[PDB]
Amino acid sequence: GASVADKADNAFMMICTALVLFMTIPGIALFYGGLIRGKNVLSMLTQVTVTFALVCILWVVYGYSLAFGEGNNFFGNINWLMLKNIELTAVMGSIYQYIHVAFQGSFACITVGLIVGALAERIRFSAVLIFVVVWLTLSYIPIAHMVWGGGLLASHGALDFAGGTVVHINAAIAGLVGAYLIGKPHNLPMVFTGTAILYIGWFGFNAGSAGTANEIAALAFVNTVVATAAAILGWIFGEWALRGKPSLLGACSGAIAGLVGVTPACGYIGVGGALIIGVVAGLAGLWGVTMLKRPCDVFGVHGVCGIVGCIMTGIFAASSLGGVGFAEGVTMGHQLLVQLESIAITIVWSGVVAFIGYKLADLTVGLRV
């Protein structure tokens, strides 16, 4: 008579959650650790660790409730504060809701990790803490609600499997604003290791977004492998033609470009589409960081490849191109408009909230160190 959780899905989603947490601790920390100067590594690792703990607490206190509760088109409710009224045996989809809480919580953590790790070098410890609380509550939570919580964008049929908008575009804009309001790689092997951990954990990230160990999770898994590989080759060959020599940083940057690009598309497109998305994202990323020259720059990779991925998702979702197919009565032209709407709303929403958070921190404690 009651809902039943699937233990295979339980097992899969719990492990995926650990993999996503792995992306932050120590994944994204080691990544930025090798990029920034050695004199700021220790301070950066501290901020990433402390803000990570902050997000975890805020998420269970009110974060999850406002993101996945009901709710309007933008915000949920406050009936799941400290996970109250959530039975231990409550089922969300085919898993226990508690697992759903932890999984989506790890998504919030890595999103914040992307921002903090890239500007911890330049932002006061007190300031970044203030920014996190504001931006998480007023940007990440409602955007996650719009796309995954049955909000505005979800009701328009937006296609974002693992968070092209919710995570990558959302954080890229927030980081770009911060880098603006305040404006050599120390250890490349450390960058490689961070990239490596990010890649491995990204499988929990992408395939876990299926919420079950099924054929869609399988599709997202293979598409993550293919797009990442195609983006590595796409970047380094573009780099080998441009500057006449491949680099380790270029190879790692290419991998991230593909992971970001396939993030909204992995569970919607075919393997052929994944290879195309990979190559394009790899080239678009390489074009992005060079055109930006005319870890502040990685927000160019996350931004561009995120936008590219969301757009190409609206194309290669079509059954004709090997995708899973658009919803009933939806054409490619209509879907692309919805993708563009999702991108536009996310950029505006994040930019405004980020600005407010940074400004608020600047007036209370100041941003400069």
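Note that residue numbering follows the sequence shown and begins at 1.
Colleague: With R294 and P295 adjacent in the shown sequence, let me know how many deposited residues between them lack coordinates: none, 1 to 3, 4 to 9, or 10 or more.
Modeller: Gap between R294 and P295: 4 to 9 residues without coordinates.
Colleague: Are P189 and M190 truly consecutive in the deposited sequence, or are residues between them missing coordinates? Give the number as none, 1 to 3, 4 to 9, or 10 or more.
Modeller: Per the deposited record, the segment joining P189 and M190 has no missing residues.
Colleague: Higher mean Cα B-factor in the deposited model: 285-293 or 190-198?
Modeller: Comparing averages over the C-alpha atoms only gives 285-293.
Colleague: Averaging only over Cα atoms, indicate whether 204-212 or 73-81 has the higher B-factor in the PDB entry.
Modeller: The recorded data point to 73-81.
Colleague: Based on what the PDB entry reports, which of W135, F237, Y96, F103 has the top C-alpha B-factor?
Modeller: So the option with the highest C-alpha B-factor is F237.
Colleague: Considering only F161, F125, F221, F107, which residue's Cα atom bears the greatest B-factor as recorded?
Modeller: Highest C-alpha B-factor among the listed residues goes to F125.
Colleague: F299: which third of its chain by C-alpha temperature factor?
Modeller: Highest third, going by the recorded CA B-factors of the chain.
Colleague: Based on the deposited C-alpha B factors for this chain, I'd like to know if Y268 is in the lowest, middle or highest third.
Modeller: As the PDB entry reports it, the C-alpha B-factor of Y268 lands in the lowest third of its chain.
Colleague: Rank-wise, by C-alpha B-factor, drop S139 into the lowest, middle or highest third of its chain.
Modeller: Its C-alpha B-factor, which the entry lists for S139, ranks in the middle third among residues of this chain.
Colleague: Could you look up the Cα B-factor of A354 in the entry and say which third of the chain it sits in: lowest, middle or highest?
Modeller: Middle third by C-alpha B-factor.
Colleague: Compare the C-alpha B factor of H145 with those of the other modelled residues in its chain, then answer lowest, middle or highest third.
Modeller: Its C-alpha B-factor belongs to the lowest third of this chain's values.
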